[PDB]
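Student: below: the sequence, then the experimentally determined structure.
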Amino acid sequence: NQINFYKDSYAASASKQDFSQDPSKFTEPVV
Amino acid sequence: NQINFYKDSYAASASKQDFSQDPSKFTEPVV
Amino acid sequence: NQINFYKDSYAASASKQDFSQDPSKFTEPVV
Amino acid sequence: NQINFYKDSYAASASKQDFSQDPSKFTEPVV
Amino acid sequence: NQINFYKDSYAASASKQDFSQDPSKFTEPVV
Amino acid sequence: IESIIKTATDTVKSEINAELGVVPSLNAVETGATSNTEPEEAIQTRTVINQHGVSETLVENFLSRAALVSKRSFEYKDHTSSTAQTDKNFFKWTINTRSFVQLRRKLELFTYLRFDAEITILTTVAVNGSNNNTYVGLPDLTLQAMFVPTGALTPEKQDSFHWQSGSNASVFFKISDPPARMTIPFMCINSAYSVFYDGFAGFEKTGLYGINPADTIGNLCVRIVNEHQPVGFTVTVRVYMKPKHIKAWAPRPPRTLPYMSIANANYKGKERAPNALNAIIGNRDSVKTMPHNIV
Amino acid sequence: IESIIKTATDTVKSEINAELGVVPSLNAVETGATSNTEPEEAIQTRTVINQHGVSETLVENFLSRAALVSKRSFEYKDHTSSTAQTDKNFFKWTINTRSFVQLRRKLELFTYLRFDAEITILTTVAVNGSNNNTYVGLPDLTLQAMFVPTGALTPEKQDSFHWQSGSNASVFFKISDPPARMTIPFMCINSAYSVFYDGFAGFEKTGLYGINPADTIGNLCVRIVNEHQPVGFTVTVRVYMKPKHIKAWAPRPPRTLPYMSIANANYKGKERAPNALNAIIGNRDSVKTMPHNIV
Amino acid sequence: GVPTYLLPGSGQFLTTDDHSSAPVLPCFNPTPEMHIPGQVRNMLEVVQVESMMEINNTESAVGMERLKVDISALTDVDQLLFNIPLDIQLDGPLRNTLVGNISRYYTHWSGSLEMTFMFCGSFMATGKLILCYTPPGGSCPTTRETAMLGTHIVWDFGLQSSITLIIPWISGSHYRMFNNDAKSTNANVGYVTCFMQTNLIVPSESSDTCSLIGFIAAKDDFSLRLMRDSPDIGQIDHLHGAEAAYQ
Amino acid sequence: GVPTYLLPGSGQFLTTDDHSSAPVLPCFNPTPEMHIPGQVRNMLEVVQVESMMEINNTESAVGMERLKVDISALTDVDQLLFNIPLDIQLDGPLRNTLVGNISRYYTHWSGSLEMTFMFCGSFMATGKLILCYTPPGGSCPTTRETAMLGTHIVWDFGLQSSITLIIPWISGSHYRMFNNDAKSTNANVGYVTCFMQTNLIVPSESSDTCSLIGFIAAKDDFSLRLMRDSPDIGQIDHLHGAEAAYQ
C-alpha cells in the first residue's frame, strides 16, 4: 500500500499505523 | 485485479464478489 | 503481457492466441 | 528493463544486446 | 526504490549510497 | 440459507407427477412467496444447465453505477459587483442523495445501505451569454471541493478563510484534468444509512421529518480557488456518487410516482396514467382487452 | 503503559457493587485525571464489544490533513513599469505555519512536533480587472518554487540569478498540471519543531520573542519562470502543507481566541461572547437556565 | 513503472468504473456493522418474491380497485376473465412489480417467471379456474380451447386458496430483452390468459364480486443483465429542496 | 507498466491524501529523535484528561468567575444548582474542553464521557450533592425527583473532595454527531443536572460562596470519527505578519 519509490525514508506515505499509545502520561501522571 | 494502494480498507475497488445470498429471508420468511 | 486490472473477464486484452482451427468444417464437410 | 506489455514480439524494446559479432566476414573473407 | 527501466546503467537513479569515504587522503596525507 | 450461488440454478427433468395427497402449485400466499419450482408442477421441464449472468445483477453491481447527485451551474464572475444568494463562486451543497431521481430511486429501493461514496466531481465550463461575451477560451480553473461534516462552519465567501483545510477534507483539481475521483467513507454514526427514516431529526416536536441525523454527511462546499476573471463563466459542477462497498438491507417498493421534495417522500403522480396517483400502470380499454397484440 | 490498542476498549458487565472501604467514583482531582471507569461505579453497565474507529482519530490522521499555510495572489505583469514592494512576479514567503488559523491551531495543539512537511503548491490564475483587460485565455506558466534555507540569500528580482539552483531545492511545475506535491523534510536542527518557544531567537536582549531559531525552515521563494506578458494576470499561489510522519509532544490548550499575529501569540477576543477575552463560551441567561431545550 | 503510455480510455469517468478511489477521510474507521435484518446481497432476491399486478388497468378502476379483479358468475362457459401482457417493460400489469421494476433497470432479462394467483373470496366461493400462458408467436387468445394448448393449469380454490402457475423459459435466445417493442421475438414473453373452468359458484349470502389477486415473482434461475436506467421516474424539473440544500 | 490509463481521481490534491511525495532535500538525514516527554500518538489521549467547563456562562461572570460556580446554602430542598448542556459542538460549557475542542474537529464522536466534579470549598464545608445525567428524549429537568430517575450519583464531599460521574453511552446510533442542532436524536447527548441532596452546610467562619469545579474527560472507549475544521477560530482578515513574512 506504500508507493515510496524515493531514496529518502522521510518521503514515504503518512504512517497512520502508530496505534500504540500511552494515555497514562497525561491521565495518571503519578508515582 | 485490485489496485488499492491506499491505506484505508473502504477506498478499495467495488467488491462485486459477494455471490452468496439468502433468498429465504424474503421469499420464505416462515418457521 | 496482459494489463487486465478490471474485475470483468470480457474487459481483458484482445486474445490473439486462438491458434487452433479446424478447416475441415468448410473445406471437407463430408462423412 | 523491458516494459513490453504488448502481445507482439516485434513491438518490444530496441535490443541493444547483440554483442556477438563476426568481423572475419569482411576483414578476412578467405579460405 | 529504483525505477531504472532503461537499458543503460548511467541512466539510473542518483546513487546517494556511497557512504564509504577516506578522509585520510586530505586530512593526513603522510607516510 | 447457506447459498453461495454464482450462476442461475439448473432445472431438472420433470415427468408426469400426478400424485394424490401433496401438491406443489397450490401454495399459500398468506405466509409469503411460494416454493413451487419449475420441475415440481405445472410443466414437464427438461434438464437444462443454466450458465446465466448473476454477477451483473449483484446488488453491488446494481448500485456501483456512478450517477448524478448534484448539478450546480453556479455563475463564476466578480460576484461582488452584484449578487444576492447567487452562488458567489461557491455553493454549499448539503450532501443528499435525493436531488436526482435515478440514483435516488436506486438507493430508495432499500431501507438501509452501508456504503462508501465514491464521489466523482465532473466540472464543465460554459461562457455565459447574458453579457454577450465572446468565447475567449475555456479556462483551466483549479476548483477546490471541501467536504465539511456537520457542526463545522460552512464558508460564506469565495475567499472566506475556511478553505484553509487544517482538518477538513478537500481536493484541489483543475478542469483540464480527469475529474476528482474521491471516496467519502461510510460517514454515518449508525451502522447503515437510513435512506428512509420514520422519525424526526430533533428531540423537539417541531423537527423536520424524514431526515436522519445519522445520515447528515455534511456539506460538500465546492469553490473556485483563483480570483475573478473579467469575463464571466458558468461553472457547472456535477458531483456523481458511486455507492461502493454495498451492503443493503430491507428492499422496498420502488418509487412509482415522480418525486417532489428532497427532504421528504411527498407524492403527486401525473395527470393521467401512467405513474399517476389513482393509476400507477397505464390503463387498458378493458380487463380482457389486450394491448400490443400481433394480429 | 504498553498499550498497543487499535480499537475502543470494551466495557464489561457491572453489578450492584455497593462495597464498604473502597470507592471508584470519589477520586482525587488534585493529582491528575481520574481512573473511575464505566463498570467500576456510577452505572450498572452491560458487556458491549467496542469496534469503533480509532485510526481516524490518530494524531497522524489528525495532522496529515493538507491545509493552507500561505495564499499569495501576487500580480504577474511587467512589474518593471511601476512596482514598489509589489511582489515583482515573485514572493519570498518565509515558511511559517502561523499564517492560517486552521492548521495553525492544529499544530499549536502541541508544544513539539517532529514531522515532514508534504508541501503541495496549488497555483491558480486570474486575469486582473483593474486594467480592464479581456480574458484572452488562462496561460500555462511554469512556476518555479525554490526553497532556500536560512543564511542563503533570497532573490530580489524575477530574473535575479539566484534561481539557478546549484544547491537550492526547487521545483519547476506548470499550472496546467497537477500541483507540486513536494515533501520538505524535518528541517530543524533540534529534535522537534518548537511550535511554542518561551525564549528569544537572538542572544541579545532585543531579539524577537517566540520565534524558535531552530524552526526557521527558511523562505519558499516562488517565482514565474517565463517573461512578462502584455496582459496582466493575478497568479494566486496557495501552498498547502500536510504534516506527514507525525510525532507530537505535550498537548496543549487549543487557541480559543481569534489569532492576531504570526510571530507571537498575542490575543484579543471578540467584542462579546463567544470566543471573547472575558467569556470564551457564549453566555447563558442564568446558571440554571438551559439553552437548546426540547419542550 | 517509469515508462508509461496513456491508454485511449484515460481521464474518462466511466460511471460504471470500479477503480479504487482516494479516501477523503484518511484513517477513518467506519461504524461497526451490526446484524441488521433483510440484507439483500442480490436484487434477484427481491425479484424472487411476490408482487401484485394491476389487472384492472381500467379508467373505472380508480386507486384501490386496480390490484384486484372483480370476477362474477357468468352465465356462459369458456369465458375470458382477464389477460396479462407479460411485458415487464411495456408498462403492463407487471411493470409495477418487484420482478418488473427491478427488471426495468436491466436491458436483458431471463429466467422462469413465477405466476401466483390467490383467491380473495369467501370460503363457500368455489369453482375451478385455469391460467393459460401461451408462448408468443400468435395473437392473445380469447377462448379456452385455443388457450389450453399452451402452458395451462387448472385451479380449484379449495383450502390453500392460491395457485402458483410457473411461466417456463421458452425463448430462441438466452435472454428476453426489454426492447420497448412488445411485439418483438426478442421482447415478447407471451400472454397469460385467465379463463373460467367450472364457473365461480357463490351462495346467495356471499357477494357476487369475488376477487382474484395475482402475483408474479421470479424463480432461482431468473437473471437480469445489461443494467439500464428505469423509465419509471422522470425529472422534468428540479425537485423541492433543490436550490435550498444548495442554500 | 507501459499501458496506463488515467483514473477520474487524477491530478487532484486531496488535502487528506497520504501518497508519498518527492523529497525536496535529497539525502537529507534528519535530526536524531530524543526521548521528549509527552508524546501524544493519539488525540484520544488528550481527550481522556480532565478539562474545566465554564458552568457560569453568565454576563455577570466576567473572566475568572466562569469556571467556578458559586453555590450557597439555599433554604429550600431539592434545588437545582446548575445544568450543563452536554453539547460539545453547540458552544456549551464543554466546547472549551480537551474532550470538546478536539471533538469539534470531528463530525462524529462516540464513547462514554467522564464527568468529574471537584469541590473547592473548606474542609468543614460538608453536604451531599447529586449529579443527574438524563438521556435525551425529554426536557432538561429542574427538580430532583424527575432527574434522579436518570444516571445520578450522590456525592458526599468527605476527604477525596471530588466525584467522577460517568456518562454512559446511550445512543440509538454508534456515534453521536455534532450536527449543530443540539435538539437532534443524532446530536443530543442529554443533560447533566446538578442538585442539592442534603444542602451545603458551612460554618460561620467559612465563606458561604463555596465553589464547584467540574471537569469532563473521556474514557478508553471514547472515539471521534469524521474530522471537520473546528469553528472555534475565524480568519475574517489576514493576521499580523501577513504581507510581512512575504516582505
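Tutor: Perfect, thanks for sending it. Numbers count the residues shown, from 1 in each chain, chains lettered A, B, ... in the order given.
Student: for residue F:61, which three-state class applies?
Tutor: helix (DSSP: H, G, I helix; E, B strand; the rest coil).
Student: show me the contacts for the residue lying closest to it once chain neighbours are set aside.
Tutor: Closest residue in space to residue F:61, ignoring its immediate chain neighbours: residue B:16 at 5.1 Å, by Cβ to Cβ, 6 or more residues apart in numbering or on different chains. Using the backbone N, CA and C atoms, a C-beta is placed for each residue, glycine as well. The contact partners of residue B:16, taken as Cβ atoms under 8 Å, 6 or more residues apart in numbering or on different chains, are C:7, F:55, F:58, F:60, F:61, F:64, H:18.
Student: ok, residue H:13 next?
Tutor: Residue H:13 neighbours (Cβ under 8 Å, 6+ apart): F:66, F:120, F:122, F:178, F:179, F:181, F:240, I:8.
Student: how about a cut-off of 7 Å?
Tutor: For residue H:13, the contacting residues are F:66, F:120, F:122, F:179, F:240, I:8, by Cβ atoms under 7 Å, 6 or more residues apart in numbering or on different chains.
Student: need the nearest residue in space to residue 26, chain neighbours excluded.
Tutor: You didn't say which chain, so I picked chain A. Closest to residue A:26 by Cβ to Cβ, 6+ apart is residue I:49, at 4.8 Å.
Student: wait, I meant chain H there
Tutor: residue I:16 (4.5 Å).
Student: those strands in the stretch 51-200 of chain F, which residues are they?
Tutor: F:67-76, F:90-94, F:110-127, F:142-148, F:169-174, F:180-184, F:193-194 (DSSP state E, counting those that start in this stretch).
Student: alpha carbons of the fourth one, as PDB, please.
Tutor: Provided in PDB are the C-alpha atoms of strand F:142-148 (Å, rounded to 0.1, in the frame of the first residue of the first chain):
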ATOM      1  CA  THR F 142      -8.400  24.800 -10.100                       C
ATOM      2  CA  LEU F 143     -11.600  24.000  -8.300                       C
ATOM      3  CA  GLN F 144     -11.500  23.200  -4.600                       C
ATOM      4  CA  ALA F 145     -14.100  20.700  -3.300                       C
ATOM      5  CA  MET F 146     -14.100  20.800   0.500                       C
ATOM      6  CA  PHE F 147     -16.200  18.300   2.300                       C
ATOM      7  CA  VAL F 148     -17.200  19.600   5.800                       C
END
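Student: what angle sits between it and strand F:67-76?
Tutor: 120 degrees (axes from the mean of the first three to the mean of the last three Cα atoms, to 10 degrees).
Student: next one: strand F:142-148, is it in contact with chain B?
Tutor: No. Strand F:142-148 does not reach chain B (Cβ under 7 Å from any Cβ of the partner chain); its nearest approach is 14.3 Å.
Student: paired strands for that strand, with orientation please.
Tutor: strand F:169-174 (antiparallel), strand F:219-224 (antiparallel) (DSSP bridges).
Student: from chain G, how far out is the residue in chain H that chain F sits nearest to?
Tutor: Nearest residue of chain H to chain F (Cβ to the nearest Cβ) works out as residue H:241 at 3.1 Å. According to Cβ to the nearest Cβ, to the nearest Å, residue H:241 stands 24 Å off from chain G.
Student: could you grab the helix/strand/coil label for that residue?
Tutor: Under three-state DSSP, residue H:241 comes out as strand.
Student: give the contact list for the residue nearest to it when sequence neighbours are not counted.
Tutor: Distance criterion Cβ to Cβ, 6+ apart; nearest residue to residue H:241, sequence neighbours excluded, is residue F:262 at 3.1 Å. Residue F:262 makes contact with F:96, F:98, F:99, H:239, H:240, H:241, H:242, H:245, according to Cβ under 7 Å, 6+ apart.
Student: pretty sure the last one contacts residue F:95?
Tutor: Think residue H:245. No. In this structure residue H:245 lies outside contact range of residue F:95 using Cβ atoms under 7 Å: 8.6 Å.
Student: who touches both of these two?
Tutor: In contact with both residue H:245 and residue F:95: no residue, using Cβ under 7 Å, 6+ apart.
Student: which one of those two has more residues nearby?
Tutor: The neighbour count for residue H:245 versus residue F:95, taken as other Cβ atoms under 10 Å in any protein chain shown, is higher for residue F:95 (24 against 19).
Student: distance of the more buried one from residue G:125?
Tutor: 30 Å (Cβ to Cβ, to the nearest Å).
Student: do residue F:46 as well
Tutor: 70 Å.
Student: more neighbours, those two?
Tutor: Under the criterion of other Cβ under 10 Å, the comparison of residue F:46 against residue G:125 puts residue G:125 first, with 25 against 12.
Student: for the most centrally placed residue in chain A, what are its contacts?
Tutor: Nearest to the geometric centre of chain A sits residue A:18, at 3.8 Å (Cα atoms, centre = their mean). Shown in contact with residue A:18 (Cβ under 7 Å, 6+ apart): G:58, G:60, I:41.
Student: I'd say residue F:66 and residue H:18 touch.
Tutor: No. Look at residue F:66 against residue H:18 with Cβ under 7 Å: they stay out of range, at 10.1 Å.
Student: can you pull the contacts of the closest residue to chain D within chain F?
Tutor: Chain F approaches chain D most closely through residue F:178 (21.5 Å), counting by Cβ to the nearest Cβ. Going by Cβ under 7 Å, 6+ apart, residue F:178 touches H:11, I:6, I:7, I:8, I:9, I:10, I:11.
Student: rerun that using 10 Å as the cut-off
Tutor: F:120, F:122, H:10-13, I:5-12 (Cβ atoms under 10 Å, 6 or more residues apart in numbering or on different chains).
Student: and residue F:79, by the same measure?
Tutor: Applying Cβ under 10 Å, 6+ apart, the residues contacting residue F:79 are F:86, F:87, F:88, F:89, F:90, F:157, F:158, F:228, F:232.
Student: find the nearest non-adjacent residue to the third one, please.
Tutor: Of all residues not flanking residue F:88 in the chain, residue F:79 sits nearest, at 3.8 Å (Cβ to Cβ, 6+ apart).
Student: which SS class is residue H:65?
Tutor: helix.
Student: was I right about it contacting residue H:57?
Tutor: No. With contact defined as Cβ atoms under 10 Å, residue H:65 does not count as touching residue H:57 (11.1 Å).
Student: those two: which is more packed in?
Tutor: residue H:57 (27 against 15).
Student: run a quick neighbour tally on the closest residue to that one other than its chain neighbours.
Tutor: Spatially, and ignoring its direct neighbours in sequence, residue H:57 is nearest to residue F:284 (4.2 Å; Cβ to Cβ, 6+ apart). Using other Cβ under 10 Å, residue F:284 has 23 neighbouring residues.
Student: sorry, back to before: export the contacts of residue H:13 to CSV and tack on neighbour count and distance to chain G?
Tutor: Output for the contacts of residue H:13, formatted as CSV (neighbours: other Cβ atoms under 10 Å in any protein chain shown; distance: Cβ to the nearest Cβ, whole Å):
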residue, neighbour count, distance to chain G
F:66, 26, 22
F:120, 25, 17
F:122, 19, 17
F:179, 27, 13
F:240, 23, 21
I:8, 28, 14
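Student: for chain A, state which of those residues is nearest.
Tutor: For those, the nearest to chain A is residue I:8 (18.7 Å; Cβ to the nearest Cβ).
Student: what's the closest non-adjacent residue to that closest one?
Tutor: Per Cβ to Cβ, 6+ apart, closest to residue I:8 is residue F:181, 3.8 Å.
Student: how many other residues sit next to that neighbour?
Tutor: 27.
Student: quick one: contacts for it?
Tutor: Counted by Cβ under 10 Å, 6+ apart, residue F:181 has contacts F:66, F:118-121, F:171, F:173, F:240, F:242, H:13, H:17, H:19-22, I:6-10, I:12, I:14.
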